[PDB]
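Each of the two blocks below gives one form of the same protein chain as structure tokens; they are labelled structure 1 and structure 2.
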Structure 1
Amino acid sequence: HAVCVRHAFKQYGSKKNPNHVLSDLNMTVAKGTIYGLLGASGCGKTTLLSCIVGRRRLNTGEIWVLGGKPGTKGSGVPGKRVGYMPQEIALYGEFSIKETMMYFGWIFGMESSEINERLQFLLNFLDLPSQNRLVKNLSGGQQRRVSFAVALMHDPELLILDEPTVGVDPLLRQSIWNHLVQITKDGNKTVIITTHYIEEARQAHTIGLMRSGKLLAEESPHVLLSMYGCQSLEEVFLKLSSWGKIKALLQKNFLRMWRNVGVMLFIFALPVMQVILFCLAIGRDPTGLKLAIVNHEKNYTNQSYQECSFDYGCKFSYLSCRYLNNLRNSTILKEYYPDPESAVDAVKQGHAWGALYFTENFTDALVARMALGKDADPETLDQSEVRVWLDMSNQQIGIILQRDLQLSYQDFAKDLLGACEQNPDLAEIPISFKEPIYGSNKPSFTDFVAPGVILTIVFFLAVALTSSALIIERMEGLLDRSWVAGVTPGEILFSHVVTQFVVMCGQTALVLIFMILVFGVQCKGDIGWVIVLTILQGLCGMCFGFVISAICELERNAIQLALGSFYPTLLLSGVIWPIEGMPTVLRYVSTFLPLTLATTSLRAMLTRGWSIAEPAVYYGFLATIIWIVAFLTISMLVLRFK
């Protein structure tokens, strides 16, 4: 007895809709006999097969397949001593026919010498095309034959065929049945064909009719028609009463990405281009800001010409074209207007960003204001000033103008004296800013956001790759079919980590190279710890993919969950703005987020040069390691409750 399913109970009930899929089964299959299984549309004939191979655990009862209980330490039924053909196609579209044959042969530990011979024989027998056409390029009716040949490659002693001939030309169905009846001539192998239409399953040695979760007929077809006095079987049925499984599986993972150009460009060429636009468009100070200057001491000749000519040594001549000489030539463009009202009108129409309006007697009232000193009069104070009207609608441009206009005066003051034999330190404010402890006197916004996007690109791209890989391949039956071949769920997960890790050290090597070596983002700290932190953040991201691909079955559902949780963090992690600006009731909450405490640690390791032994640099390692454990605990808990 190859299979005994005596007294098989199985319930899918909910105490509201009790689905008694398997009420009481008494099935027995003898070695060397083809055993058909006819019934309804997968009412109980599609879960009994899964329970035979150990995919689904049985309820109270008995089971005995080949050696003993399925899925035990014998390696009886989940192994190389079985052949499984699923109801649907469970092949890889990006693989050649020969590539698929070798990949499945390596799982069973078959040498490449005999695999080629078996492949050639199978190709000749099943009139398939040459062994160079991809499975995705074959029609839907001839990849079923490829799957059938895959199930027949290793010639096991127990075949579980599920609809082996449904869309097959009967001319090449007579040959299939001849082969099936020939291989079972001796008492070596056995075939279990659970088809759907009765009329073809008549050459089998034994058949079984299944209805309402119970086999109501077991005997041979001839002692069925003779017993029930029937001219056909249809009228009978009218009964109203371990290192080889990781080398050969990593190659598949590294090939399903190379063949898909769209996936390759998304996870390798987007990070490269995104960090190029960011380093070129965000952070740099505005340049080329126009200014409408009114000079009442010179002669108005044109729009972009004033004939600014003063004297240098002493005897201050004009003191208005001299100040404009000290103006910064980088981020200020000067255009001249004839009237104070005309200049203001230009600003109101968006043709400029401000006005200056040096008065008619600025030189006379300025030299007489710094001479008298602290006993001046309101007349000279109100006629020796530059009246600036500014368009302060933009914070970042209203600050550059408000700073370059005052810095240019300090150089002007330090030039007027100093050329008149005086002490330059006299023209200063008592608030003297010494050399900064960290950074430089001219900081950049790019250096503040660059650490914030290193950990964002790496984290998100790991979630997208892991979630899609484990959802598409699970929903297509690739996990279930490969499990029957003996691939325990210990190297399926281990290989994915290795594949994810390798594709991950290549993303870090491109983001860091294109932002530190090129575009010159300062890295004052150790580059050794920067790489480790970036890699560790991603491993937290990959672990998040397991959580996403454990509660969502549909492809579209994981996208909303991934996007609906990422966006909200990243307005709380302080990537684009300092963390200090948030109110101190939500700052505490925002501290326990994934990326918030690692971004701060990476920022302090680049813009300050701190080491690991600093309570702000190692807090970013503990925070990103705890989340790895938390994400690996929720995923296990989810699978337990499902």
Structure 2
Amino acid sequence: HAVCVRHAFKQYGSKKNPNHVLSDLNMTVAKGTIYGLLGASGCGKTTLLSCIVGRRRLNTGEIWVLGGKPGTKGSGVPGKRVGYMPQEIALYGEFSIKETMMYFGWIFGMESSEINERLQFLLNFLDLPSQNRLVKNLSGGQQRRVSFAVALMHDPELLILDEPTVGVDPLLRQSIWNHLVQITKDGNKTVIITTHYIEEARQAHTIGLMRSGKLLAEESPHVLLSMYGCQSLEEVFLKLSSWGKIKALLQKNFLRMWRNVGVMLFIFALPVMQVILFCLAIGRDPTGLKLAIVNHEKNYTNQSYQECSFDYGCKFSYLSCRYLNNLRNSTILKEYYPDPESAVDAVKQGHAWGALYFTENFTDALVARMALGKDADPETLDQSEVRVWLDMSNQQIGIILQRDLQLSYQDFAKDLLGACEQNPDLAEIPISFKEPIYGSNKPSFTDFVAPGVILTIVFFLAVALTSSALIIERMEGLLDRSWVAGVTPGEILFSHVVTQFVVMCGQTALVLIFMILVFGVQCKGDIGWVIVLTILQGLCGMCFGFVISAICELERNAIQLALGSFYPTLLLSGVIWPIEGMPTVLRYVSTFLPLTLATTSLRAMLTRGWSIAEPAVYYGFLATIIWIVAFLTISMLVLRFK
């Protein structure tokens, strides 16, 4: 009437050593009775119950329950017509008892006014603590009783229970059995219960004894004892032979993140700290650089004083303190030494980045050098020069020092003339740099790396959240419990995409506000298309999190896969160094990576202000869309023939 199983096979393990849990099996459960399923091992009964509710799909079998096959649109197994208690405690923490009751009632479509009566009745009957207590703050027995109350709340016509009374007090166990007997009799309710107390299953109506994947007997307990003349059942076994369902899922997802402070800090406060620290340390020009100066045109007094005095008008008095007046104060500090040997010794230590030497004949030789032109003898060309020894072990510092020293002389050369009706253009190399077409004369390395930092934060934090949430929830039977309740797989997936979309929108707003408004990173292009590209890259990472969760079953295995691809793609996507420095063969391969073309597209919009119509901009838009499709296809193809 209620359940009928015929020829049900199932096995686990490899082909060489298979663990046969189920073999040729026959079961018939009458409507309106308590059945009772006793077996030597707890795995076969669990597999049978999971196949009955329709969540395991055993091979080469036949299950008929409440109209037809589970989940076939001819029966009512997935929905409010059955009440399922799993073997594990498939309950959400950080939720009170009343909140759990309300959530599961909203899933089953009960009115909020008729849920309170059931909640109070179950609280009184099952000896439970206050309804405001969090589930994670309860003990194992209390949590199991709360799960039982959840299974009993909606009054189903079929109850499938997996060890409801395992560590319950004998008085409470007796009361529970009396309640089950009462609701079963004089009604249309059927109970299928598996227990370890064989004697306790004496009020049951049709005991089915399970052994070696088959049923040794299935018949009334009293009559079974009558046939063999036994006073206990123990020695008989000794045989030597749908929108409202989306609000509930959406509300639950937002409350789980809000009540986890550590989760809120990792996905919202961690990105802000990286942006703040990156904009304060990476890309700025060094400023604290010390140079050793040996000016032999002036008396030496101290390592911090030189008395650099000269007449600013004309007559070219010193021309060596005049040159040092044009040195940029922001990046270079000046220290003074008495000998070139002692100044060089400072550079050989960590006391200076370079040494400058002026001979006592510098002024006269320099004045004569410009007055002779191409007729200057080698003597005046020797004494009219500044000897510079530099520490070039640091690439960025050496570039700054050389550029500042050279640009300081250009200002010095253009300052000597100009008041004498001489155009400063006489002191220019024929190679003349006009106004830059893009950018300025002082480009910043922070502006080059900033586009890649934004995309990597949004992409890789969507992989971690999606992979962990789906793996954890699937591994403790939380998805399976909701599927039996009548929640379709398309509704669960829809609610996950919406929740992740809102999360990544908050991250995008926070990252862009600090980078642009606070730290002054330039954005020459349209900010509308900058947001769209950032959101699309976040959705690309979410689809990659579907792939990881579809192939991994432990959380420790998922993080290794994520970190195993987070490192190689960072070094090949041109985030910290220009892509033009790579070898040609490696450069071509890198263009097919998920983030390479999008980082280039974002950089052009921020640094050059290019529009969406430029090929270099929309090429990164299309590469993100293709990777989204590829990631979704890979995740589906895992289950296509499996």
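When a residue number appears, read it as a position in the sequence of structure 1, where counting begins at 1. Superpose the two forms; the largest set of C-alphas matching within 1.5 Å is the rigid core.
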Yes/no, residue 22 Cα shift of 2 Å or more between structures 1 and 2 with rigid core fixed: yes
message: After superposing the rigid core, is the C-alpha displacement of residue 9 2 Å or more between structures 1 and 2?
response: yes
task: Align on the rigid core first; then say whether the Cα of residue 59 has moved by at least 2 Å between structures 1 and 2.
output: yes
- prompt: residue 167: how far does its C-alpha move between structures 1 and 2, core aligned, in angstrom?
  reply: 0.9
query: By how many angstrom is the CA atom of residue 75 displaced between structures 1 and 2 after fitting on the core?
result: 4.9
message: Core superposed first, then measure: what is the displacement of the CA of residue 41 between structures 1 and 2, in Å?
response: 2.0
